[PDB]
Amino acid sequence: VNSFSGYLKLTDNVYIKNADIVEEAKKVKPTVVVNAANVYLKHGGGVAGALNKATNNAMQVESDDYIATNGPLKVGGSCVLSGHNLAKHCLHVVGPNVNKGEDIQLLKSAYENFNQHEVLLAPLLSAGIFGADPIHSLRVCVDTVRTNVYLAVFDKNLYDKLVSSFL
Ligand SMILES: O=C(O)CCc1nc2ccccc2[nH]c1=O
């Protein structure tokens with residue numbers, strides 16, 4: 001048993017809810033929250049900007065030190081950093097950004113990072129401002145992630161559509 005509440009079960013291991021991932025992280029304090037990161041760990045907008053703002057910019061300070069030491073992530077890659085006040089850990093995962101022209105086939109590689117963690121609170125990768133089709137992102141998630149994932153969908157109207165179209 002875990003502390004996640006009000007989720008619709010989609011599969012054996014994937015759950016979904018209409019929720020603000022920041023508010024959800026603050027309530028649950030999960031072991032792992034996933035960030036919709038870019039390769040520079042520049043947390044400006046979407047889930048990254050919102051998560052970073054909730055940490056009072058401590059996420060960005062830690063991220064800048066990580067990049068200064070290690071250089072940029074790969075598209076499809078990830079790193080584990082602190083969860084600050086939101087979670088034990090933050091898994092920063094880089095899905096492909098369609099609005100920058102990145103290969104959508106890298107979305108499966110991005111979701112494979114989730115399999116290194118038994119339970120995660122996450123957004124849909126490559127969705128929203130990343131420019132990919134969220135229905136596609138949910139399908140790749142269900143077909144790739146084998147660990148237990150609690151998906152927070154921010155947009156109410158998109159959520160109504162993801163549930164009603166899910167196969
Ligand atoms: O809802 C999410 O969690 C996915 C990212 C996202 N997609 C949208 C699509 C259309 C309109 C608003 C949107 N807001 C969003 O946050």
# chains A, B, ... in the order shown; residues from 1 in each chain; ligands from 1

$ residues_near_ligand --ligand "ligand 1" --cutoff "9 Å" --atoms "only C-alpha atoms and all ligand atoms" --output "ChimeraX atom specification"
/A:18-21,46-47,123-131,133-134,151-159

$ write_last_selection --atoms "N, CA, C and O atoms" --output "short mmCIF file (atom, residue, chain, number, x, y, z; two decimals), in the first residue's frame"
data_model
loop_
_atom_site.label_atom_id
_atom_site.label_comp_id
_atom_site.auth_asym_id
_atom_site.auth_seq_id
_atom_site.Cartn_x
_atom_site.Cartn_y
_atom_site.Cartn_z
N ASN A 18 -6.12 13.98 -12.57
CA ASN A 18 -6.06 15.43 -12.90
C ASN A 18 -5.54 16.14 -11.67
O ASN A 18 -6.27 16.22 -10.67
N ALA A 19 -4.29 16.58 -11.68
CA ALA A 19 -3.69 17.20 -10.50
C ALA A 19 -2.50 18.05 -10.93
O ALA A 19 -1.89 17.80 -11.99
N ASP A 20 -2.24 19.04 -10.11
CA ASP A 20 -1.01 19.85 -10.16
C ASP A 20 0.09 19.05 -9.48
O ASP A 20 0.00 18.78 -8.27
N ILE A 21 1.10 18.63 -10.26
CA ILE A 21 2.19 17.79 -9.73
C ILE A 21 2.91 18.45 -8.55
O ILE A 21 3.35 17.73 -7.66
N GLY A 46 6.55 25.12 -17.71
CA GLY A 46 5.87 23.83 -17.56
C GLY A 46 6.15 23.22 -16.20
O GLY A 46 6.24 23.91 -15.19
N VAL A 47 6.21 21.91 -16.18
CA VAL A 47 6.50 21.19 -14.91
C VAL A 47 7.83 21.66 -14.29
O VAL A 47 7.85 21.89 -13.10
N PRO A 123 4.89 13.50 -14.61
CA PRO A 123 4.07 14.07 -15.68
C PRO A 123 4.21 13.20 -16.91
O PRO A 123 5.08 12.35 -17.01
N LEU A 124 3.34 13.42 -17.88
CA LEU A 124 3.50 12.85 -19.21
C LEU A 124 4.69 13.46 -19.92
O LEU A 124 4.73 14.69 -20.20
N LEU A 125 5.66 12.65 -20.31
CA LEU A 125 6.88 13.17 -20.95
C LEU A 125 6.55 13.68 -22.33
O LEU A 125 5.75 13.11 -23.08
N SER A 126 7.26 14.71 -22.79
CA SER A 126 7.12 15.30 -24.16
C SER A 126 5.72 15.89 -24.41
O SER A 126 5.47 16.38 -25.50
N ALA A 127 4.88 15.97 -23.38
CA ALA A 127 3.54 16.58 -23.50
C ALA A 127 3.57 18.13 -23.31
O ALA A 127 4.65 18.64 -23.00
N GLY A 128 2.44 18.84 -23.48
CA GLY A 128 2.34 20.29 -23.25
C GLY A 128 3.25 21.07 -24.16
O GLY A 128 3.29 20.79 -25.38
N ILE A 129 4.09 21.94 -23.58
CA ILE A 129 5.01 22.82 -24.34
C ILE A 129 6.14 22.00 -25.02
O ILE A 129 6.82 22.58 -25.86
N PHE A 130 6.36 20.73 -24.68
CA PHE A 130 7.37 19.86 -25.34
C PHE A 130 6.87 19.51 -26.73
O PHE A 130 7.62 18.95 -27.53
N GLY A 131 5.57 19.75 -26.91
CA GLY A 131 5.01 19.71 -28.28
C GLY A 131 4.56 18.35 -28.74
O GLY A 131 4.07 18.30 -29.91
N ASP A 133 2.18 14.77 -28.86
CA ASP A 133 0.78 14.36 -28.65
C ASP A 133 0.71 13.64 -27.31
O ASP A 133 1.32 12.58 -27.13
N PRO A 134 -0.02 14.17 -26.33
CA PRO A 134 -0.11 13.52 -25.02
C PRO A 134 -0.76 12.13 -25.05
O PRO A 134 -0.45 11.31 -24.19
N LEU A 151 0.66 9.20 -12.61
CA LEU A 151 0.74 10.32 -13.58
C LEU A 151 -0.18 11.43 -13.12
O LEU A 151 -1.43 11.22 -12.91
N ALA A 152 0.44 12.60 -13.04
CA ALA A 152 -0.33 13.80 -12.72
C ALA A 152 -0.52 14.54 -14.04
O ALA A 152 0.47 14.91 -14.66
N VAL A 153 -1.78 14.67 -14.43
CA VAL A 153 -2.10 15.48 -15.64
C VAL A 153 -2.61 16.84 -15.14
O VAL A 153 -3.58 16.87 -14.40
N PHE A 154 -1.92 17.93 -15.51
CA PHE A 154 -2.29 19.31 -15.07
C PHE A 154 -3.59 19.84 -15.68
O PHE A 154 -4.47 20.41 -14.97
N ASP A 155 -3.68 19.71 -16.99
CA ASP A 155 -4.83 20.30 -17.75
C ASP A 155 -6.10 19.48 -17.62
O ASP A 155 -6.11 18.36 -18.11
N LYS A 156 -7.14 20.10 -17.05
CA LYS A 156 -8.44 19.37 -16.88
C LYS A 156 -8.97 18.89 -18.23
O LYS A 156 -9.28 17.70 -18.37
N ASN A 157 -9.10 19.78 -19.22
CA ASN A 157 -9.70 19.29 -20.49
C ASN A 157 -8.85 18.20 -21.14
O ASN A 157 -9.45 17.26 -21.67
N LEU A 158 -7.52 18.32 -21.09
CA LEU A 158 -6.72 17.21 -21.67
C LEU A 158 -6.99 15.92 -20.88
O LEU A 158 -7.08 14.88 -21.49
N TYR A 159 -7.05 16.02 -19.56
CA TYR A 159 -7.28 14.80 -18.74
C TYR A 159 -8.58 14.10 -19.19
O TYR A 159 -8.61 12.86 -19.34
#

$ select_by_dssp --residues "segment 22-86 of chain A" --states "helix (DSSP H, G or I)" --output "VMD selection string"
chain A and resid 22 to 28 46 to 54 58 to 70

$ residues_around --residues "residue 25 of chain A" --least-positions-apart "6" --cutoff "12 Å" --atoms "only C-alpha atoms" --output "list in words"
residues 3, 4, 5, 19, 31, 32, 33, 34, 35, 47, 50, 51, 54, 55, 83, 84, 85, 86, 87, 88, 89, 90, 120, 121, 122, 123, 150, 151 and 152 of chain A

$ write_last_selection --atoms "C-alpha atoms" --output "PDB file, in the first residue's frame"
ATOM      1  CA  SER A   3      -0.192   7.198  -0.005  1.00  0.00           C
ATOM      2  CA  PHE A   4      -1.409   8.160  -3.547  1.00  0.00           C
ATOM      3  CA  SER A   5      -5.181   9.015  -3.494  1.00  0.00           C
ATOM      4  CA  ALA A  19      -3.689  17.202 -10.497  1.00  0.00           C
ATOM      5  CA  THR A  31      10.324   8.909  -2.911  1.00  0.00           C
ATOM      6  CA  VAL A  32      10.671  10.111  -6.563  1.00  0.00           C
ATOM      7  CA  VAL A  33       9.077  13.026  -8.430  1.00  0.00           C
ATOM      8  CA  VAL A  34       9.897  13.190 -12.145  1.00  0.00           C
ATOM      9  CA  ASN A  35      10.791  16.539 -13.720  1.00  0.00           C
ATOM     10  CA  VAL A  47       6.499  21.189 -14.914  1.00  0.00           C
ATOM     11  CA  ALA A  50       6.662  25.041 -11.591  1.00  0.00           C
ATOM     12  CA  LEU A  51       8.703  22.433  -9.611  1.00  0.00           C
ATOM     13  CA  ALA A  54       8.096  25.492  -5.476  1.00  0.00           C
ATOM     14  CA  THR A  55      11.700  24.814  -4.260  1.00  0.00           C
ATOM     15  CA  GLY A  83      13.725  16.364  -4.318  1.00  0.00           C
ATOM     16  CA  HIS A  84      14.147  19.373  -1.998  1.00  0.00           C
ATOM     17  CA  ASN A  85      10.881  20.105  -0.167  1.00  0.00           C
ATOM     18  CA  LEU A  86       8.803  18.109  -2.709  1.00  0.00           C
ATOM     19  CA  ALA A  87      10.145  14.521  -2.620  1.00  0.00           C
ATOM     20  CA  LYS A  88      13.153  12.500  -1.469  1.00  0.00           C
ATOM     21  CA  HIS A  89      14.613  12.552  -5.010  1.00  0.00           C
ATOM     22  CA  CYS A  90      13.881  14.287  -8.325  1.00  0.00           C
ATOM     23  CA  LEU A 120       7.250   7.495  -9.149  1.00  0.00           C
ATOM     24  CA  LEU A 121       5.030  10.576  -9.305  1.00  0.00           C
ATOM     25  CA  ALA A 122       5.418  11.877 -12.897  1.00  0.00           C
ATOM     26  CA  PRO A 123       4.065  14.066 -15.676  1.00  0.00           C
ATOM     27  CA  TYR A 150       1.328   7.839 -10.738  1.00  0.00           C
ATOM     28  CA  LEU A 151       0.741  10.320 -13.575  1.00  0.00           C
ATOM     29  CA  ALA A 152      -0.334  13.803 -12.719  1.00  0.00           C
TER      30      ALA A 152
END

$ atom_distance --atom1 "atom CA of residue 17 of chain A" --atom2 "atom CA of residue 82 of chain A"
24.3 Å

$ residues_around --residues "segment 107-113 of chain A" --least-positions-apart "4" --cutoff "7 Å" --atoms "only C-alpha atoms" --output "number ranges by chain"
A: 76-78, 93-96, 140-141, 144-145

$ select_by_dssp --residues "chain A" --states "strand (DSSP E)" --output "JSON, numbers by chain"
{"A": [8, 9, 14, 15, 16, 17, 18, 32, 33, 34, 35, 36, 78, 79, 80, 81, 82, 89, 90, 91, 92, 93, 119, 120, 121, 122, 148, 149, 150, 151, 152, 153]}

$ write_last_selection --atoms "N, CA and C atoms" --output "mmCIF file, in the first residue's frame"
data_model
loop_
_atom_site.group_PDB
_atom_site.id
_atom_site.type_symbol
_atom_site.label_atom_id
_atom_site.label_comp_id
_atom_site.auth_asym_id
_atom_site.auth_seq_id
_atom_site.Cartn_x
_atom_site.Cartn_y
_atom_site.Cartn_z
ATOM 1 N N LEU A 8 -7.166 7.094 -11.042
ATOM 2 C CA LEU A 8 -7.809 6.080 -11.912
ATOM 3 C C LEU A 8 -6.734 5.065 -12.282
ATOM 4 N N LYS A 9 -7.029 3.784 -12.154
ATOM 5 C CA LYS A 9 -6.092 2.735 -12.526
ATOM 6 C C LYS A 9 -6.196 2.507 -14.023
ATOM 7 N N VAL A 14 0.127 1.446 -13.965
ATOM 8 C CA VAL A 14 -0.001 2.870 -14.327
ATOM 9 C C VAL A 14 -1.323 3.423 -13.816
ATOM 10 N N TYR A 15 -1.241 4.540 -13.150
ATOM 11 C CA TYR A 15 -2.366 5.264 -12.529
ATOM 12 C C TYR A 15 -2.373 6.682 -13.045
ATOM 13 N N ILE A 16 -3.506 7.358 -13.066
ATOM 14 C CA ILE A 16 -3.588 8.748 -13.604
ATOM 15 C C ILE A 16 -4.569 9.579 -12.798
ATOM 16 N N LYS A 17 -4.308 10.873 -12.702
ATOM 17 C CA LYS A 17 -5.190 11.808 -12.002
ATOM 18 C C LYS A 17 -5.065 13.192 -12.609
ATOM 19 N N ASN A 18 -6.125 13.985 -12.569
ATOM 20 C CA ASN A 18 -6.061 15.435 -12.896
ATOM 21 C C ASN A 18 -5.542 16.135 -11.668
ATOM 22 N N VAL A 32 10.192 9.543 -5.278
ATOM 23 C CA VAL A 32 10.671 10.111 -6.563
ATOM 24 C C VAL A 32 9.569 10.942 -7.217
ATOM 25 N N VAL A 33 9.876 12.203 -7.506
ATOM 26 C CA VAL A 33 9.077 13.026 -8.430
ATOM 27 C C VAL A 33 9.890 13.159 -9.711
ATOM 28 N N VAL A 34 9.240 12.997 -10.840
ATOM 29 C CA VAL A 34 9.897 13.190 -12.145
ATOM 30 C C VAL A 34 9.695 14.633 -12.602
ATOM 31 N N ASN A 35 10.812 15.230 -13.052
ATOM 32 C CA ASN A 35 10.791 16.539 -13.720
ATOM 33 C C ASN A 35 10.861 16.340 -15.215
ATOM 34 N N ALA A 36 10.077 17.124 -15.928
ATOM 35 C CA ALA A 36 10.148 17.272 -17.396
ATOM 36 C C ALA A 36 11.290 18.235 -17.732
ATOM 37 N N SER A 78 18.585 10.982 -18.215
ATOM 38 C CA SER A 78 18.100 11.434 -16.910
ATOM 39 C C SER A 78 19.238 11.593 -15.923
ATOM 40 N N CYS A 79 18.959 12.251 -14.843
ATOM 41 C CA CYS A 79 19.826 12.215 -13.653
ATOM 42 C C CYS A 79 18.982 12.271 -12.420
ATOM 43 N N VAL A 80 19.491 11.747 -11.324
ATOM 44 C CA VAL A 80 18.818 11.809 -10.028
ATOM 45 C C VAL A 80 19.442 12.907 -9.200
ATOM 46 N N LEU A 81 18.652 13.859 -8.757
ATOM 47 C CA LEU A 81 19.105 14.943 -7.865
ATOM 48 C C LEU A 81 18.175 15.002 -6.655
ATOM 49 N N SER A 82 18.379 15.953 -5.792
ATOM 50 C CA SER A 82 17.513 16.114 -4.629
ATOM 51 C C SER A 82 16.071 16.399 -5.034
ATOM 52 N N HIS A 89 13.779 12.397 -3.809
ATOM 53 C CA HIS A 89 14.613 12.552 -5.010
ATOM 54 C C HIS A 89 13.780 13.188 -6.110
ATOM 55 N N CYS A 90 14.457 13.886 -7.026
ATOM 56 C CA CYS A 90 13.881 14.287 -8.325
ATOM 57 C C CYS A 90 14.620 13.563 -9.423
ATOM 58 N N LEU A 91 13.884 12.817 -10.210
ATOM 59 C CA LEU A 91 14.439 12.217 -11.435
ATOM 60 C C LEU A 91 14.179 13.183 -12.575
ATOM 61 N N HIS A 92 15.239 13.857 -13.037
ATOM 62 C CA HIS A 92 15.127 14.811 -14.159
ATOM 63 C C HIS A 92 15.230 14.016 -15.442
ATOM 64 N N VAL A 93 14.163 13.913 -16.207
ATOM 65 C CA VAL A 93 14.115 13.106 -17.430
ATOM 66 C C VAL A 93 13.905 14.020 -18.621
ATOM 67 N N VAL A 119 8.609 3.167 -7.555
ATOM 68 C CA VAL A 119 7.397 4.008 -7.546
ATOM 69 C C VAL A 119 7.783 5.432 -7.945
ATOM 70 N N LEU A 120 6.974 6.096 -8.747
ATOM 71 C CA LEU A 120 7.250 7.495 -9.149
ATOM 72 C C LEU A 120 5.964 8.271 -9.261
ATOM 73 N N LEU A 121 6.013 9.533 -8.922
ATOM 74 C CA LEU A 121 5.030 10.576 -9.305
ATOM 75 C C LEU A 121 5.594 11.265 -10.539
ATOM 76 N N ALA A 122 4.846 11.387 -11.627
ATOM 77 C CA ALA A 122 5.418 11.877 -12.897
ATOM 78 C C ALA A 122 4.401 12.634 -13.708
ATOM 79 N N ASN A 148 5.803 1.180 -10.846
ATOM 80 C CA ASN A 148 4.496 1.810 -10.555
ATOM 81 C C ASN A 148 4.561 3.320 -10.699
ATOM 82 N N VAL A 149 3.809 3.809 -11.639
ATOM 83 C CA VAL A 149 3.838 5.243 -11.986
ATOM 84 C C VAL A 149 2.471 5.888 -11.781
ATOM 85 N N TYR A 150 2.498 6.997 -11.071
ATOM 86 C CA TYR A 150 1.328 7.839 -10.738
ATOM 87 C C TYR A 150 1.461 9.090 -11.575
ATOM 88 N N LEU A 151 0.662 9.204 -12.610
ATOM 89 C CA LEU A 151 0.741 10.320 -13.575
ATOM 90 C C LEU A 151 -0.182 11.429 -13.120
ATOM 91 N N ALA A 152 0.440 12.597 -13.040
ATOM 92 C CA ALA A 152 -0.334 13.803 -12.719
ATOM 93 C C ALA A 152 -0.523 14.540 -14.036
ATOM 94 N N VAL A 153 -1.781 14.669 -14.428
ATOM 95 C CA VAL A 153 -2.099 15.475 -15.636
ATOM 96 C C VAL A 153 -2.606 16.844 -15.141
#

$ residues_around --residues "segment 63-72 of chain A" --least-positions-apart "5" --cutoff "7 Å" --atoms "only C-alpha atoms" --output "list in words"
residues 39, 40 and 41 of chain A

$ write_last_selection --atoms "N, CA, C and O atoms" --output "tab-separated table (two decimals), in the first residue's frame"
chain	number	residue	atom	x	y	z
A	39	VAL	N	18.05	19.28	-21.49
A	39	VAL	CA	19.43	18.75	-21.34
A	39	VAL	C	20.31	19.69	-20.51
A	39	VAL	O	21.30	19.24	-19.98
A	40	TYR	N	19.93	20.96	-20.42
A	40	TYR	CA	20.70	21.98	-19.66
A	40	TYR	C	20.22	22.10	-18.23
A	40	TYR	O	20.76	22.90	-17.47
A	41	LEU	N	19.16	21.36	-17.87
A	41	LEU	CA	18.48	21.52	-16.57
A	41	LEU	C	18.18	23.02	-16.31
A	41	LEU	O	18.30	23.48	-15.16

$ closest_residue --among "A:166, A:12, A:59, A:135" --to "residue 147 of chain A" --atoms "only C-alpha atoms"
A:12

$ closest_residue --among "A:13, A:60, A:2, A:105" --to "residue 30 of chain A" --atoms "only C-alpha atoms"
A:2

$ atom_distance --atom1 "atom CA of residue 102 of chain A" --atom2 "atom CA of residue 161 of chain A"
25.2 Å

$ atom_distance --atom1 "atom CA of residue 38 of chain A" --atom2 "atom CA of residue 58 of chain A"
16.9 Å

$ decode --residues "segment 26-37 of chain A" --atoms "C-alpha atoms" --output "PDB file, in the first residue's frame"
ATOM      1  CA  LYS A  26       3.788  18.605  -1.469  1.00  0.00           C
ATOM      2  CA  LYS A  27       0.926  16.355  -0.148  1.00  0.00           C
ATOM      3  CA  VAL A  28       2.500  12.856  -0.787  1.00  0.00           C
ATOM      4  CA  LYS A  29       6.274  13.572  -0.457  1.00  0.00           C
ATOM      5  CA  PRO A  30       6.952  10.656  -2.792  1.00  0.00           C
ATOM      6  CA  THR A  31      10.324   8.909  -2.911  1.00  0.00           C
ATOM      7  CA  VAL A  32      10.671  10.111  -6.563  1.00  0.00           C
ATOM      8  CA  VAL A  33       9.077  13.026  -8.430  1.00  0.00           C
ATOM      9  CA  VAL A  34       9.897  13.190 -12.145  1.00  0.00           C
ATOM     10  CA  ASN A  35      10.791  16.539 -13.720  1.00  0.00           C
ATOM     11  CA  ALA A  36      10.148  17.272 -17.396  1.00  0.00           C
ATOM     12  CA  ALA A  37      13.714  18.495 -17.822  1.00  0.00           C
TER      13      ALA A  37
END
